[PDB]
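> based on what follows, work out the 3D shape:
(chains A, B, C, D, E and F, ligands or ions: 147)
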Amino acid sequence: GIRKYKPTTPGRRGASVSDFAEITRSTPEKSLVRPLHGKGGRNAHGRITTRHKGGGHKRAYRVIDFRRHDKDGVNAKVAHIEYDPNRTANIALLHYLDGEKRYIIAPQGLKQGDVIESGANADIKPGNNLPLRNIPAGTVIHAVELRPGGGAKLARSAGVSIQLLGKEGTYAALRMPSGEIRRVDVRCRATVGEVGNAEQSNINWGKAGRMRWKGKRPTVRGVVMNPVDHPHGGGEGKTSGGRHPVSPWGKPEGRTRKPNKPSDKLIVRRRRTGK
RNA sequence: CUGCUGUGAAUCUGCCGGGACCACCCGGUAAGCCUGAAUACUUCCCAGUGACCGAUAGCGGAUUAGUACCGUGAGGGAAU
RNA sequence: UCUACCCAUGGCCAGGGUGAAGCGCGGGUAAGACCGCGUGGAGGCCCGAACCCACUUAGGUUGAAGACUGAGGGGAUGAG
RNA sequence: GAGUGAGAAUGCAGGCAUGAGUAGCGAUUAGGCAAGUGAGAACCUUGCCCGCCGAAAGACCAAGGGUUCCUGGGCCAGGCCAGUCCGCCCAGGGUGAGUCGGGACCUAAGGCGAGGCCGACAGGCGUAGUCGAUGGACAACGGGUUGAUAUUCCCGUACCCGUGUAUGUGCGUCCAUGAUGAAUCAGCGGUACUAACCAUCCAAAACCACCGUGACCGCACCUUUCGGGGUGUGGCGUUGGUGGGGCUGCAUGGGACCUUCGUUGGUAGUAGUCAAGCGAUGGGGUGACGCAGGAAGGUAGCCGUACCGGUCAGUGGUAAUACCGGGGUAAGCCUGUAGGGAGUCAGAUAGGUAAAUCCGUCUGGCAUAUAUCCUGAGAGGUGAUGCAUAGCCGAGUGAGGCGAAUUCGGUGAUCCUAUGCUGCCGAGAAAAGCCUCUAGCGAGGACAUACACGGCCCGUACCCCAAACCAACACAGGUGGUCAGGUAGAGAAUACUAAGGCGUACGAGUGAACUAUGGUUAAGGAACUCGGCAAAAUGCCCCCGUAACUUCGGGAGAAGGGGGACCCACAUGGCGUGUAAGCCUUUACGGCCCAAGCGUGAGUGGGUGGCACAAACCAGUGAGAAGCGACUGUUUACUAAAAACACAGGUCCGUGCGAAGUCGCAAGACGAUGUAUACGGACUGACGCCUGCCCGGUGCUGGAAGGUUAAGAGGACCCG
RNA sequence: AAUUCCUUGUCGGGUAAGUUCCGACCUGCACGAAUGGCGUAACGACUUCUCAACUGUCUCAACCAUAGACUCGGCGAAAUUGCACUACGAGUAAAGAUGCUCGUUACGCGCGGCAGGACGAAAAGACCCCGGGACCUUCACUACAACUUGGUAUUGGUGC
RNA sequence: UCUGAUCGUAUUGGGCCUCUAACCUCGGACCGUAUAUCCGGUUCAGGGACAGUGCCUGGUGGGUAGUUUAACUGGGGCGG
Ligand SMILES: [Mg+2]
Ligand SMILES: [Mg+2]
Ligand SMILES: [Mg+2]
Ligand SMILES: [Mg+2]
Ligand SMILES: [Mg+2]
Ligand SMILES: [Mg+2]
Ligand SMILES: [Mg+2]
Ligand SMILES: [Mg+2]
Ligand SMILES: [Mg+2]
Ligand SMILES: [Mg+2]
Ligand SMILES: [Mg+2]
Ligand SMILES: [Mg+2]
Ligand SMILES: [Mg+2]
Ligand SMILES: [Mg+2]
Ligand SMILES: [Mg+2]
Ligand SMILES: [Mg+2]
Ligand SMILES: [Mg+2]
Ligand SMILES: [Mg+2]
Ligand SMILES: [Mg+2]
Ligand SMILES: [Mg+2]
Ligand SMILES: [Mg+2]
Ligand SMILES: [Mg+2]
Ligand SMILES: [Mg+2]
Ligand SMILES: [Mg+2]
Ligand SMILES: [Mg+2]
Ligand SMILES: [Mg+2]
Ligand SMILES: [Mg+2]
Ligand SMILES: [Mg+2]
Ligand SMILES: [Mg+2]
Ligand SMILES: [Mg+2]
Ligand SMILES: [Mg+2]
Ligand SMILES: [Mg+2]
Ligand SMILES: [Mg+2]
Ligand SMILES: [Mg+2]
Ligand SMILES: [Mg+2]
Ligand SMILES: [Mg+2]
Ligand SMILES: [Mg+2]
Ligand SMILES: [Mg+2]
Ligand SMILES: [Mg+2]
Ligand SMILES: [Mg+2]
Ligand SMILES: [Mg+2]
Ligand SMILES: [Mg+2]
Ligand SMILES: [Mg+2]
Ligand SMILES: [Mg+2]
Ligand SMILES: [Mg+2]
Ligand SMILES: [Mg+2]
Ligand SMILES: [Mg+2]
Ligand SMILES: [Mg+2]
Ligand SMILES: [Mg+2]
Ligand SMILES: [Mg+2]
Ligand SMILES: [Mg+2]
Ligand SMILES: [Mg+2]
Ligand SMILES: [Mg+2]
Ligand SMILES: [Mg+2]
Ligand SMILES: [Mg+2]
Ligand SMILES: [Mg+2]
Ligand SMILES: [Mg+2]
Ligand SMILES: [Mg+2]
Ligand SMILES: [Mg+2]
Ligand SMILES: [Mg+2]
Ligand SMILES: [Mg+2]
Ligand SMILES: [Mg+2]
Ligand SMILES: [Mg+2]
Ligand SMILES: [Mg+2]
Ligand SMILES: [Mg+2]
Ligand SMILES: [Mg+2]
Ligand SMILES: [Mg+2]
Ligand SMILES: [Mg+2]
Ligand SMILES: [Mg+2]
Ligand SMILES: [Mg+2]
Ligand SMILES: [Mg+2]
Ligand SMILES: [Mg+2]
Ligand SMILES: [Mg+2]
Ligand SMILES: [Mg+2]
Ligand SMILES: [Mg+2]
Ligand SMILES: [Mg+2]
Ligand SMILES: [Mg+2]
Ligand SMILES: [Mg+2]
Ligand SMILES: [Mg+2]
Ligand SMILES: [Mg+2]
Ligand SMILES: [Mg+2]
Ligand SMILES: [Mg+2]
Ligand SMILES: [Mg+2]
Ligand SMILES: [Mg+2]
Ligand SMILES: [Mg+2]
Ligand SMILES: [Mg+2]
Ligand SMILES: [Mg+2]
Ligand SMILES: [Mg+2]
Ligand SMILES: [Mg+2]
Ligand SMILES: [Mg+2]
Ligand SMILES: [Mg+2]
Ligand SMILES: [Mg+2]
Ligand SMILES: [Mg+2]
Ligand SMILES: [Mg+2]
Ligand SMILES: [Mg+2]
Ligand SMILES: [Mg+2]
Ligand SMILES: [Mg+2]
Ligand SMILES: [Mg+2]
Ligand SMILES: [Mg+2]
Ligand SMILES: [Mg+2]
Ligand SMILES: [Mg+2]
Ligand SMILES: [Mg+2]
Ligand SMILES: [Mg+2]
Ligand SMILES: [Mg+2]
Ligand SMILES: [Mg+2]
Ligand SMILES: [Mg+2]
Ligand SMILES: [Mg+2]
Ligand SMILES: [Mg+2]
Ligand SMILES: [Mg+2]
Ligand SMILES: [Mg+2]
Ligand SMILES: [Mg+2]
Ligand SMILES: [Mg+2]
Ligand SMILES: [Mg+2]
Ligand SMILES: [Mg+2]
Ligand SMILES: [Mg+2]
Ligand SMILES: [Mg+2]
Ligand SMILES: [Mg+2]
Ligand SMILES: [Mg+2]
Ligand SMILES: [Mg+2]
Ligand SMILES: [Mg+2]
Ligand SMILES: [Mg+2]
Ligand SMILES: [Mg+2]
Ligand SMILES: [Mg+2]
Ligand SMILES: [Mg+2]
Ligand SMILES: [Mg+2]
Ligand SMILES: [Mg+2]
Ligand SMILES: [Mg+2]
Ligand SMILES: [Mg+2]
Ligand SMILES: [Mg+2]
Ligand SMILES: [Mg+2]
Ligand SMILES: [Mg+2]
Ligand SMILES: [Mg+2]
Ligand SMILES: [Mg+2]
Ligand SMILES: [Mg+2]
Ligand SMILES: [Mg+2]
Ligand SMILES: [Mg+2]
Ligand SMILES: [Mg+2]
Ligand SMILES: [Mg+2]
Ligand SMILES: [Mg+2]
Ligand SMILES: [Mg+2]
Ligand SMILES: [Mg+2]
Ligand SMILES: [Mg+2]
Ligand SMILES: [Mg+2]
Ligand SMILES: [Mg+2]
Ligand SMILES: [Mg+2]
Ligand SMILES: [Mg+2]
Ligand SMILES: [Mg+2]
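Residues are numbered from 1 along each chain as shown, chains lettered A, B, ... in the order given. Ligands and ions are numbered 1, 2, ... in the order given. Okay, here it is:
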């Protein structure tokens, strides 16, 4: 949940931290972890393609299974629920009966010791993973694939879920987290439930340092820079830029979705803004 | 005459040239290939010549010279 | 090889204070809220060396120095 | 025929004046004397004093340098003066490793990159690879020696890899020993072709009743004069629909013949299969990890002391009572304590890119013990009849020789247990290595002792917070790591000092002005000045006492005020420590208590002295109000540190996933090993209260009715 | 008012006396709501004003010590430089004279001091102008990358 | 044959619907391969004559680039 600090110092004052209430264990599986390093927002040319990234507290990658297909009718019990740097949600550590350990994105209402079965025959209880064709229309699902066997892609993040609106032919129509309605192939798997840590968003970081640890460097505002740097720059005084707002690279505001994309044939409407 | 993109022919009353283009004359025979000599040049060696220099000149360099020395480096660069 | 940011891997940070959550004991109640006292040892917390800066001032100003020196000054478990 | 004429280009090269025998001669330590050498001495050698550093200006290294090191010479250049001296010049010498730092071991970021993809060409990325320590793994310590090296040589004692022989154990295949095992035929039940059996579903062909009537027939009524035409009914035909009854097929479920599979009689525990040791390039464990924080248990060091050796320091007092100097010794091998860590046997199972007795998971049983096992500080033993040492001898640069005691306490680490434990959230490298598991090799091979051997390449001198490196200089600057004595003190601050090291390269004088850097000051006390700039002041410990306002934490060390030296008494006390004794035992590296001994405050009472008792050094100025920025941060290296930038928070716009966005001609990359509670962009900037009106202008978003509009189609007309 | 030209606006407070400061007034030259508006505890080597304490900052200076300066010994530079046995006054002149005129004053040579002049030294004025650059802006001109429109090639079949 | 209305057989463009065989897939699974998230191949599942890429063409285009931006003037600007 949210544990709020007492203002014992000006930094800590508004701030809050996640009460980690769902954490059974502090120490990830030595098998399922890969090493990882920060790129600091620089590509293979070493240039900065993505500004504002860097700093950061060194972190190791847990290998999540988004791919779950293999195990069928093999029931797993949830061993621990532990904490993952790389993503917003938690991760459940499953033990199959096969004696194979896997991580999954921890669903909502998943408690330690539960049973979870993936396959066709499975129940519509939380945590279970089944192809969209076997799911009663109108449920709430998450970690959804795109193509049949393309891994889980939609609705991974904390507190978030997809409503499955219906079924026609080989297309099942989903309402995305964004509020946008998109069609998809009924062969592709989904997981049943919402996603844990729905309080994630009310964490109030409270001091610059904290955001630094988490990896974000500071951001300089356009209007401040010289006109050589940024299009908004310049002026003697404070300015509003005196120009219609743009990126630092001069491209204006507006729709950036490139038209003609293939998937565009699937999409029923895009999200609506400020309605 | 020639590049790329399209369209796309005829085999000798054929086809291409004769400064848009058309006729008549003349010339030639595309879309296959080789080919010496006459012409250009001197890192390098031999033999010379000079109304060229003669040591602040002549090569940056007659003396340890691309050395000493300067510069992270590309590079610069003496004096006797 | 200076400097700006990043990445990997190491090291450093005398000494002193303050006393967060949590936990415990007693109170308080129907059970709470809540109130003492204990542990406990949080923090871009406080005082202050190493260290990192460079605020004021005096001197230097063909300098000891192509940017220093002396007095004081700021940060000093952290965006170090 | 001219490279033909110079006074001037802040002209170029060289030589030389003027300033001028002038400024300087490089800190914040400081030198003096006697003798010595020598042509010559403020500066060189020795001696005796004095002074300075002492978390350094001492000791040892990395980087960098490259002979600067040692001996013997030198003394025109160099050294800011001289010079016999030198870090300068000349000659010779000097660097010794199985273990220390690296390679032959391992990988991180990153580099390169066979094929490869992309790119007119040049090339851009990148897979397998292979490199790349600042990290991981891996075996040594004390003492002595030379003019110069030493964890390298030597002495003593270890450890780690390999190789050969010899000996003894115990195993092996051959022989055989255990364990098991499945295969076929033969006696049987439910899977299950196939004809049915049972139950139900449905309706072609449809039997019947009713209504609706393509059209036809027309009886009756209305209608225009009559027609057209509308209505009521029936005869039927069925573009038709509805309710009841049966046959046929169909599907499904249930038992059953075929078939098979499972079960058990014969064999065939016979022909099979495995088992000594090696064992992966394969599987699994481990390796393997943040930051903070103590508490605890230890030692190193230091301070005492039993004991040992010694001195009389021409002064008033002091012969042992006083004083000075000793009061040492490693790795390793034993031993396994404080601390910390751990459930274990049997069955099944294929999940672990084949197989696994291993690992995982599921079952079970058996365990709450100080049981067991691993780990591990230090105590103790050995190492050590040795080595070292305070001194004492004579010889004298020096050589060498002898060599006493070598107990018990206190204090105490930032070091060790500890890569531990406990919290916390920001969730904290890899690979080799070592341990195992089989695949696989295998007739031979393991284990111990003894003996004999092999142990490679590079660094190794000297400087290293500096006159030896970077700074053009023998330059007040810069440069990472390791050691850390004493008395005061909270302390690695400061003061004084040990060990050790220096006095550092111009001097000698002299009361000038003036300048700098320190010092003191009657009376007044900001009158100074742009401005209390600069000084002065405050300053420590322990008590007392503290306001407005407040986001309830702060403000606050607010302000303001008191005590502090020495001596005695309380006190043969209080607290810490802990020995003898005592008590207790599961008798051990035990526990409990502890007279003595050593250490140390705090306080109360009484004295004593001074101008002053935080006596030096060290060490907050405080209070009221306003603007700006919430805050810690950051910034114009070399005139600007702020009110600027950042910030946590806010709102908007974009982005549905090799996304948007950026880097690239592309491939590809980052975004992100993320997925709308996420990511990019823009403005605002903690918190509180709030955020009004305008869509004409110009942007963005959406929309096509028109109006305008390219190439492509179209070739009427016209011309040759 | 970090915004108010007129302006030291007007009043109150503080001072013996206040162009600054604090509090109001509103006649806002030319405030105003995320280029945010109005507040705000804590914080500031920020700016501004007042007070206590304390003082050589001052009335008004004095004395002392070191390091320079000064003397002697040794070494031994620099920037600068058309010349030279290089006065002053009133004038004159490219309009500010050591150097010209008329006068007045002054023995030769040093040494220590001070800074009025030498339009002193330094740096081919940074201000201003003119010419030339550069870099920045944009509904200046013209282009190009990027982004996009339709045609055509790669590109085919059956249907309406 | 003409003022004109039509069918069916041709030609030829326009829209629309589908299909699969070009083409596309950072979808799967095997193989090259002992080791490869590279790359290539086979196959499966999808898209599908669209998209992408050429050539032609119209836009948008301070994102970048080259440049221009007068003179007189009782200094220059403003004015004229
Ligand atoms: Mg590169
Ligand atoms: Mg960003
Ligand atoms: Mg998380
Ligand atoms: Mg947030
Ligand atoms: Mg905050
Ligand atoms: Mg910003
Ligand atoms: Mg700016
Ligand atoms: Mg720039
Ligand atoms: Mg711009
Ligand atoms: Mg600006
Ligand atoms: Mg402005
Ligand atoms: Mg704005
Ligand atoms: Mg602007
Ligand atoms: Mg949004
Ligand atoms: Mg040819
Ligand atoms: Mg020459
Ligand atoms: Mg000559
Ligand atoms: Mg060089
Ligand atoms: Mg406490
Ligand atoms: Mg408490
Ligand atoms: Mg702090
Ligand atoms: Mg502070
Ligand atoms: Mg200073
Ligand atoms: Mg001076
Ligand atoms: Mg200082
Ligand atoms: Mg300080
Ligand atoms: Mg201070
Ligand atoms: Mg401090
Ligand atoms: Mg000439
Ligand atoms: Mg001449
Ligand atoms: Mg000349
Ligand atoms: Mg000259
Ligand atoms: Mg001279
Ligand atoms: Mg002079
Ligand atoms: Mg003189
Ligand atoms: Mg002098
Ligand atoms: Mg000196
Ligand atoms: Mg000096
Ligand atoms: Mg003498
Ligand atoms: Mg000391
Ligand atoms: Mg070194
Ligand atoms: Mg000598
Ligand atoms: Mg000499
Ligand atoms: Mg000399
Ligand atoms: Mg020497
Ligand atoms: Mg030599
Ligand atoms: Mg490469
Ligand atoms: Mg190649
Ligand atoms: Mg290597
Ligand atoms: Mg290393
Ligand atoms: Mg030595
Ligand atoms: Mg040694
Ligand atoms: Mg790990
Ligand atoms: Mg831990
Ligand atoms: Mg201790
Ligand atoms: Mg006597
Ligand atoms: Mg003694
Ligand atoms: Mg097991
Ligand atoms: Mg021992
Ligand atoms: Mg620790
Ligand atoms: Mg050997
Ligand atoms: Mg060397
Ligand atoms: Mg050595
Ligand atoms: Mg050495
Ligand atoms: Mg030293
Ligand atoms: Mg220099
Ligand atoms: Mg040097
Ligand atoms: Mg020196
Ligand atoms: Mg130096
Ligand atoms: Mg340092
Ligand atoms: Mg000390
Ligand atoms: Mg000190
Ligand atoms: Mg001293
Ligand atoms: Mg000494
Ligand atoms: Mg004098
Ligand atoms: Mg004097
Ligand atoms: Mg003075
Ligand atoms: Mg006075
Ligand atoms: Mg007085
Ligand atoms: Mg006053
Ligand atoms: Mg005044
Ligand atoms: Mg005055
Ligand atoms: Mg004033
Ligand atoms: Mg001051
Ligand atoms: Mg003072
Ligand atoms: Mg208090
Ligand atoms: Mg006080
Ligand atoms: Mg206060
Ligand atoms: Mg005892
Ligand atoms: Mg007894
Ligand atoms: Mg007992
Ligand atoms: Mg008295
Ligand atoms: Mg203080
Ligand atoms: Mg106000
Ligand atoms: Mg600030
Ligand atoms: Mg604010
Ligand atoms: Mg800075
Ligand atoms: Mg500056
Ligand atoms: Mg500051
Ligand atoms: Mg400054
Ligand atoms: Mg800034
Ligand atoms: Mg806010
Ligand atoms: Mg923000
Ligand atoms: Mg934000
Ligand atoms: Mg993109
Ligand atoms: Mg906006
Ligand atoms: Mg702002
Ligand atoms: Mg509008
Ligand atoms: Mg509009
Ligand atoms: Mg409009
Ligand atoms: Mg509106
Ligand atoms: Mg539009
Ligand atoms: Mg046309
Ligand atoms: Mg004001
Ligand atoms: Mg006024
Ligand atoms: Mg007034
Ligand atoms: Mg006043
Ligand atoms: Mg006011
Ligand atoms: Mg205004
Ligand atoms: Mg508004
Ligand atoms: Mg606005
Ligand atoms: Mg603001
Ligand atoms: Mg305000
Ligand atoms: Mg305020
Ligand atoms: Mg600050
Ligand atoms: Mg400040
Ligand atoms: Mg003097
Ligand atoms: Mg002299
Ligand atoms: Mg000169
Ligand atoms: Mg005149
Ligand atoms: Mg005159
Ligand atoms: Mg005259
Ligand atoms: Mg004359
Ligand atoms: Mg004179
Ligand atoms: Mg003068
Ligand atoms: Mg002067
Ligand atoms: Mg002057
Ligand atoms: Mg000029
Ligand atoms: Mg100009
Ligand atoms: Mg196409
Ligand atoms: Mg196209
Ligand atoms: Mg543009
Ligand atoms: Mg431009
Ligand atoms: Mg041009
Ligand atoms: Mg003009
Ligand atoms: Mg004018
Ligand atoms: Mg004029």
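> need the residues of the stretch 1-150 of chain A near ligand 5, please.
By the rule Cβ under 5 Å from the ion, the part of the stretch 1-150 of chain A lying against ligand 5 is A:13, A:14. Placement of C-beta: from N, CA and C, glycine included.
> contacts only, for the residue in the stretch 1-150 of chain A positioned nearest to ligand 6.
Distances between the stretch 1-150 of chain A and ligand 6 by Cβ to the ion are smallest at residue A:52, namely 10.1 Å. The neighbourhood of residue A:52, defined by Cβ atoms under 8 Å, 6 or more residues apart in numbering, consists of A:41, A:216, A:217, A:218, A:219.
> tell me the contacts of the most centrally placed residue in chain A?
With the centre of chain A defined as its mean C-alpha position, the nearest residue by Cα atoms, centre = their mean is residue A:157, 2.9 Å away. With contact set as Cβ under 8 Å, 6+ apart, residue A:157 has these partners: A:87, A:88, A:89, A:177, A:195.
> same check on residue A:128?
Applying Cβ under 8 Å, 6+ apart to residue A:128 gives the contacts A:116, A:117, A:118, A:122, A:191, A:192.
> try it again with 6 Å
For residue A:128, the set of contacting residues under the criterion of Cβ atoms under 6 Å, 6 or more residues apart in numbering consists of A:116, A:117, A:122, A:192.
> how about residue A:98?
Applying Cβ under 6 Å, 6+ apart, the residues contacting residue A:98 are residue A:74.
> farthest-separated two in the contacts of residue A:157?
Looking at these by Cβ to Cβ, the two members farthest from one another are A:87 and A:177, with 15.0 Å of separation.
> who has more neighbours, these two?
Neighbour totals were compared for residue A:87 and residue A:177, and residue A:177 leads with 18 against 15 (other Cβ atoms under 10 Å).
> beta-bridge partners for residue A:53, please?
In this structure, residue A:53 has the following beta-bridge partners (DSSP bridges): residue A:216.
> next, count neighbours for it.
What residue A:53 shows, counting by other Cβ under 10 Å, is a neighbour count of 16.
> give the buried residues for the lengthiest strand in chain A.
Looking only at chain A and at elements set by DSSP state E, the strand with the highest residue count is strand A:75-83. Within strand A:75-83, the residues that qualify as buried are A:75, A:76, A:78, A:79, A:80, A:81, A:82, A:83, counting by 16 or more other Cβ atoms under 10 Å.
> ok, that strand near RNA strand D or not?
Yes: part of strand A:75-83 sits near RNA strand D under the criterion Cβ under 7 Å from any atom of the strand, namely A:77, A:83.
> so what secondary structure elements neighbour that strand?
strand A:90-96, strand A:115-117 (3 or more Cβ pairs under 6 Å, 6 or more residues apart in numbering; DSSP states H and E).
> measure how far the first one is from the centre of its chain, please.
If I follow you right, that is strand A:90-96. If you compare the mean C-alpha spot of strand A:90-96 with that of the full chain, they lie 18 Å apart, counting by Cα atoms, centre = their mean, to the nearest Å.
> give me the contact list for whatever helix or strand comes next after it.
Past strand A:90-96, further along toward the C-terminus, the next helix or strand under DSSP states H and E is strand A:101-105. Contacts with strand A:101-105, where a contact means Cβ under 6 Å, 6+ apart, come from A:29, A:32, A:62, A:64, A:65, A:89, A:91, A:92, A:93, A:94, A:95, A:143.
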